[PDB]
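One chain comes next, on its own, written out as structure tokens in the form deposited in one PDB entry.
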């Protein structure tokens, strides 16, 4: 419709209907309907095909780098469409979160100011053994960034550092 936010919704819808309701004790009518909705959810993904058809600054020149490190990164609204996680060097430079191809790049792939964002651990973003490594950074404009960190601790440290900056600076 007006896309990111809608794909954010449908991603939550799919998590719900496909996983949350799995194991639940449902009527026969509700089971049959759940299977339906999953198929419809699947098919609608093709619709967003046609869609896919702050100054630059080097990694090593970022000032006041409060935290930096390699993370896997993925936007929520890409996730719904099945896009792979991307290895990124992430840096929190002052109040602005930056992401690059590696720590030696001369220019960022993207960045965003964290004012107003929320952050949390979220163990449901992945099905494998790395799921304990995951957190998300929620935009106000409904944009959501998902990460996998290199260990459960690595993630917690990111969420703490980011949570500190988000709320102890009012």
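Numbering follows the first chain given and starts at 1. Only residues modelled in both forms are compared. In this text, the rigid core denotes the largest set of C-alpha atoms whose superposition between the two forms falls within 1.5 Å.
Which of 65-73 and 130-138 has higher mean CA B factor, as the PDB entry lists it: Of 65-73 and 130-138, the stretch with the higher C-alpha B-factor average is 130-138.
Which has the higher mean CA temperature factor in the PDB entry, 40-48 or 27-35? Looking at the recorded C-alpha B-factors, 27-35 comes out higher on average.
What third of the chain does residue 9 rank in for C-alpha temperature factor, lowest, middle or highest? Ranked within chain, residue 9 CA B lands in the lowest tercile.
Looking at the entry's B-factor column for C-alpha atoms only, identify whether residue 85 ranks in the lowest, middle or highest third of its chain. Tercile = highest for this residue's CA B-factor.
Can you tell me which third, lowest, middle or highest, the CA B-factor of residue 17 falls into for its chain? Within its chain, residue 17 is a lowest-third residue by C-alpha B-factor, going by the deposited values.
Among all modelled residues of this chain, ranked by Cα B factor, put residue 155 in the bottom, middle or top third, i.e. lowest, middle or highest. Middle third - that is where residue 155 ends up once the chain's C-alpha B-factors are sorted.
Lowest, middle or highest third of the chain for the C-alpha temperature factor of residue 145? Its C-alpha B-factor, which the entry lists for residue 145, ranks in the lowest third among residues of this chain.
The form deposited in another entry exists for this protein as well; it is not shown, and the discussion that follows is about that form.
Once the rigid core is superposed, exactly one of 143, 67, 34, 131 has its CA displaced by 2 Å or more between this form and the one not shown; which residue is that? The one that shifts is 34.
Taking the rigid core as the reference frame, tell me whether residue 17 has a CA displacement of 2 angstroms or more between this form and the one not shown. Superposed on the core, residue 17 moves its C-alpha 2 Å or more between this form and the one not shown.
Core-superposed C-alpha of residue 102 shifting 2 Å or more between this form and the one not shown: Not so; residue 102 is displaced by less than 2 Å.
Core superposed first: is there a CA shift of 2 Å or greater at residue 44 between this form and the one not shown? Indeed, residue 44 is displaced by 2 Å or more.
At a change of 3 Å or more, would you call the C-alpha separation of residue 38 and residue 121 in the other form closer or farther than in the form supplied? So the answer is farther.
Could you list, in sequence order, the stretches of three or more consecutive residues moving 2 angstroms or more at Cα between this form and the one not shown on a rigid core superposition? After superposition, only residues 1-53 shift as a run.
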